[PDB]
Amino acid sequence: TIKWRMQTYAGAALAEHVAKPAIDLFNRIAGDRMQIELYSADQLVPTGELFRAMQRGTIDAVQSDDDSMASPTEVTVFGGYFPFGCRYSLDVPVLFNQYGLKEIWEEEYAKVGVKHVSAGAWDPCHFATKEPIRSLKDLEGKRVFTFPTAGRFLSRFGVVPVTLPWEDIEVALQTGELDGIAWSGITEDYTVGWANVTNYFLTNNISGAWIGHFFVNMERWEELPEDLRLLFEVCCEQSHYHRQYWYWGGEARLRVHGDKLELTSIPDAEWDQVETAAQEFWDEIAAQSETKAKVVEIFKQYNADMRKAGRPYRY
């Protein structure tokens, strides 16, 4: 009866793990009442058009971060990898459900005809590169695929952010068009084959957890009967849950036992310059609007409270 098309930010090999299992489950349960067809990175429309395509109803739903999509909202810069925002993946659903971020995202997207269904965590952000990164100077001049706001941050350190479609990254790494990636953690690197075409993995992250969401065109959302609305919401939470343990398990296991990437580390005392720079970056963002200031203050109070709480949040 009801037919949706969903496009995800994830390339095909990544979609197999971060969206497909929950959509397949939705489809097995819904049966003839409703089916969701899942399309991967840049398949139905280009990234630059993803948000507008959903808004106007060409595509019914989207799984994506705000930042790569360049959504016309005040919270776009907090999606993807907001530098040093969340130490832990569970910080994301806690910030959204308990510290007010859900209501802010709902309002921002509704103003533009889109239903924010649910936010979730993905992986930490690490450099994986052809050449080893052992110091901050080693970052200078490197052409790396990353997210827009993270890239803007990293530019302070001489990184050159380069944007290409996801399906092209593997060959771009192979030819040296890219010097590396700062788009993902180690789980994705091994799963999607990027570990096969890069050599080194830097242990110092610039975010403990990517922020992405499920979104639906508001008119399509309002057309849903209640039981299918609830079924979609639950399947999306199942998708988020699966990612919580897929990444928690994958990052540790592959760091310790993987053999396709050699680990490097920048000394803490040196990396502290990157953390310092990040809090100036947050201030620059807060300067830009009231909503941005509000969200930055929430990130600050949350992180300050983690320090006061102690173990196992902070040591």
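Numbering starts at 1 and runs along the sequence shown.
Colleague: Going by the average Cα B-factor in the PDB entry, point out whether 106-114 or 120-128 comes out higher.
Modeller: Per the deposited B-factors, the answer is 106-114.
Colleague: According to the deposited model, is the average Cα temperature factor higher in 247-255 or in 272-280?
Modeller: Comparing 247-255 with 272-280, the higher mean C-alpha B-factor belongs to 272-280.
Colleague: Tell me, please, which of 186, 173, 101, 94 has the highest C-alpha B factor according to the deposited entry?
Modeller: Of the options given, 173 has the highest CA B-factor in the PDB entry.
Colleague: Using the temperature factors in the entry, find which of 266, 62, 263, 286 has the highest value at its Cα atom.
Modeller: Highest C-alpha B-factor among the listed residues goes to 266.
Colleague: Relative to the other modelled residues of the same chain, rank the CA B-factor of residue 308 and answer lowest, middle or highest third.
Modeller: Middle third of the chain for residue 308's C-alpha B-factor.
Colleague: Looking at the C-alpha B-factor of residue 159, is it in the lowest, middle or highest third of its chain?
Modeller: Its C-alpha B-factor belongs to the highest third of this chain's values.
Colleague: Lowest, middle or highest third: where is residue 141 by C-alpha B factor in its chain?
Modeller: CA B-factor rank for residue 141: highest third.
Colleague: Rank-wise, by C-alpha B-factor, drop residue 72 into the lowest, middle or highest third of its chain.
Modeller: Highest third.
Colleague: Based on the deposited C-alpha B factors for this chain, I'd like to know if residue 225 is in the lowest, middle or highest third.
Modeller: Answer is highest: the recorded C-alpha B-factor places it there.
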